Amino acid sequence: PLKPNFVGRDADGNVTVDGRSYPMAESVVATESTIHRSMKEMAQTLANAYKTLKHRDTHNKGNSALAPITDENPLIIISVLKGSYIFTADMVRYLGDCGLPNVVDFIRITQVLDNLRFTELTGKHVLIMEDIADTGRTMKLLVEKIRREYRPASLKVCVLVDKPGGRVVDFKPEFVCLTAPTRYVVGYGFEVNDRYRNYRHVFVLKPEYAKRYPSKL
């Protein structure tokens, strides 16, 4: 079954989740009970969409035929630092429960700042793991740049939260765990100067906290 987290308020009037007060929160999008089931349900959504596929063999590269998605040629996951590292670590653990083998590497953007260590993505099935898509501009360009220089057999994006109301361009992620309002959310990887990243639930931040920590780290 599902043991969901209760959302209420304290005597001070702060948003609480199972007793712990959250003065930063204005609303609660999804709690860890709701967030986590969006993943084991999508881990199978990803498992159903990648397990029959066949891409370029690299175990025995002296092979002109496409090998399936095995441990010898696993699906390539590119996680977008710094926000999706919690979302990814929970995700790839779920993909193992569903039996889809994968290998993960990271990318830091603001347009590459820190770069992949993977080299053979040509003719492969690749999967970007991002925390959220708001305007769409960050992931619209990132898949252009990956698809351009690497030319994979497939490059689709999987994000946890998706607010389709803030889109300046056309970016529609192929796999979405949660759809949130057009608001700035904090928690489960979402930050305000790296604060509130380690909160287990995704809350809508009180606008009064917008620039609460202006000092550079």
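Residues carry their position along the shown sequence, with the first being 1.
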* Does a third or more of the other compared entries skip modelling residue 112? -> yes
* For the stretch from residue 110 to residue 111, please bin the deposited residues that the model skips: none, 1 to 3, 4 to 9, or 10 or more. => 10 or more
* Asked: Out of 113-121 and 75-83, which stretch has the higher average CA B-factor listed in the record?
  -> 113-121
* To do: Could you settle it for me: does 96-104 or 135-143 have the higher average Cα B factor in the PDB entry?
  => 135-143
* To do: Report the option among 39, 168, 186, 176 whose CA atom has the maximum B-factor in the deposited record.
  => 168
* Looking at 172, 163, 59, 156, which has the highest Cα B-factor in the entry? -> 59
* Asked: Compared with the other modelled residues in the chain, in which third is the CA B-factor of residue 11?
  -> highest
* Considering only modelled residues of the same chain, in which third does the CA B-factor of residue 46 rank: lowest, middle or highest? -> middle
* Ranked by Cα temperature factor within the chain, is residue 202 in the lowest third, the middle third or the highest third? -> lowest
* Going by the entry, which third of its chain does the Cα temperature factor of residue 34 land in? -> middle
* Of the three thirds of its chain by CA temperature factor, lowest, middle or highest, which one includes residue 67? -> lowest
